[PDB]
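Novice: Turn this into a model:
(2 chains)
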Amino acid sequence: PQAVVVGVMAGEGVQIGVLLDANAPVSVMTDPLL
Amino acid sequence: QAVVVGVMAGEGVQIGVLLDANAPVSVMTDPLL
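Specialist: Residues are numbered from 1 along each chain as shown, chains lettered A, B, ... in the order given. Take a look:
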(Lines give C-alpha, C1' and ligand atoms only; values in the text may rest on other atoms or scores of the structure.)
Protein backbone atom coordinates (compact mmCIF):
# COMPACT_ATOMS: atom_id res chain seq x y z
CA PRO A 1 0.00 0.00 0.00
CA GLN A 2 3.07 2.24 0.12
CA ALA A 3 2.96 2.77 -3.66
CA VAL A 4 0.54 2.54 -6.58
CA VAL A 5 1.12 1.76 -10.27
CA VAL A 6 -0.70 4.04 -12.72
CA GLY A 7 -0.59 5.00 -16.39
CA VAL A 8 0.45 8.61 -17.09
CA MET A 9 -0.49 10.22 -20.42
CA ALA A 10 1.95 12.64 -22.03
CA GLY A 11 2.33 14.85 -25.09
CA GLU A 12 0.61 13.88 -28.33
CA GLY A 13 -0.38 10.51 -26.84
CA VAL A 14 2.34 8.30 -25.28
CA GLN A 15 1.10 6.30 -22.27
CA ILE A 16 3.75 5.30 -19.70
CA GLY A 17 3.28 2.89 -16.78
CA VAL A 18 4.74 4.25 -13.52
CA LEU A 19 4.85 3.26 -9.82
CA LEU A 20 4.10 6.40 -7.79
CA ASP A 21 4.48 7.13 -4.07
CA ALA A 22 1.01 6.67 -2.57
CA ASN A 23 1.33 9.21 0.29
CA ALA A 24 3.50 12.17 -0.76
CA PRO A 25 1.50 15.24 -1.86
CA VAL A 26 0.95 15.51 -5.62
CA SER A 27 2.78 18.83 -5.99
CA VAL A 28 6.05 17.08 -5.00
CA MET A 29 5.99 14.62 -7.96
CA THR A 30 4.96 16.60 -11.09
CA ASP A 31 8.43 18.07 -11.79
CA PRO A 32 10.58 14.89 -11.64
CA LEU A 33 7.70 13.03 -13.30
CA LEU A 34 7.91 15.44 -16.26
CA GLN B 1 33.01 17.19 -5.36
CA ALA B 2 29.58 16.69 -3.78
CA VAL B 3 25.84 16.94 -4.44
CA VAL B 4 22.71 17.72 -2.40
CA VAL B 5 19.37 16.01 -3.09
CA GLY B 6 15.88 15.73 -1.62
CA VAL B 7 15.46 12.20 -0.24
CA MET B 8 11.85 11.14 0.37
CA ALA B 9 11.10 8.76 3.24
CA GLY B 10 8.20 7.33 5.28
CA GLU B 11 4.67 8.50 4.48
CA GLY B 12 6.34 10.89 2.03
CA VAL B 13 8.34 13.01 4.50
CA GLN B 14 10.79 15.25 2.61
CA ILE B 15 14.43 15.16 3.80
CA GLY B 16 17.55 16.90 2.44
CA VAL B 17 20.94 15.17 2.31
CA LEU B 18 24.49 15.74 1.03
CA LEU B 19 26.10 12.91 -0.97
CA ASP B 20 29.44 12.27 -2.64
CA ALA B 21 29.71 12.71 -6.40
CA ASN B 22 31.97 9.74 -7.29
CA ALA B 23 31.29 6.99 -4.70
CA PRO B 24 28.78 4.38 -5.92
CA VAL B 25 25.23 4.27 -4.59
CA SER B 26 25.71 0.85 -2.93
CA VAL B 27 28.43 2.10 -0.54
CA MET B 28 26.23 5.05 0.54
CA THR B 29 22.68 3.60 0.68
CA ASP B 30 23.55 1.78 3.93
CA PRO B 31 24.91 4.74 5.99
CA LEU B 32 22.25 6.97 4.39
CA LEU B 33 19.54 4.65 5.76
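Novice: going forward, measure contacts and count neighbours with C-alpha atoms only.
Specialist: Will do.
Novice: Backbone dihedrals for the spatially closest residue to residue A:15 that is not a sequence neighbour, please?
Specialist: Among residues not flanking residue A:15 along the chain, residue A:9 sits closest, at 4.6 Å (Cα to Cα, 6 or more residues apart in numbering or on different chains). Dihedral angles of residue A:9 (phi, psi; degrees, to the nearest 10) stand at phi -90, psi 140.
Novice: can you check the one 10 residues further on too?
Specialist: Residue A:19 has phi and psi values of phi -110, psi 100 when expressed as degrees, to the nearest 10.
Novice: do residue A:13 as well
Specialist: phi 120, psi 10.
Novice: State the number of residues packed around it.
Specialist: Residues near residue A:13, counting by other Cα atoms under 10 Å in any protein chain shown, number 8.
Novice: What about residue A:18, how many residues nearby?
Specialist: As a burial measure, residue A:18 scores 12 neighbours (other Cα under 10 Å).
Novice: in what helix or strand does it lie?
Specialist: strand A:15-21 (DSSP states H and E).
Novice: need the next SSE after that strand, C-terminal direction.
Specialist: helix A:30-33.
Novice: Say whether chain B is contacted by that following helix.
Specialist: No: using Cα under 8 Å from any Cα of the partner chain, we find that helix A:30-33 stays clear of chain B, coming within 11.4 Å at best.
Novice: to the chain's geometric centre, what's the distance from that helix?
Specialist: In terms of Cα atoms, centre = their mean, to the nearest Å, the centre of helix A:30-33 is set 8 Å apart from its chain centre.
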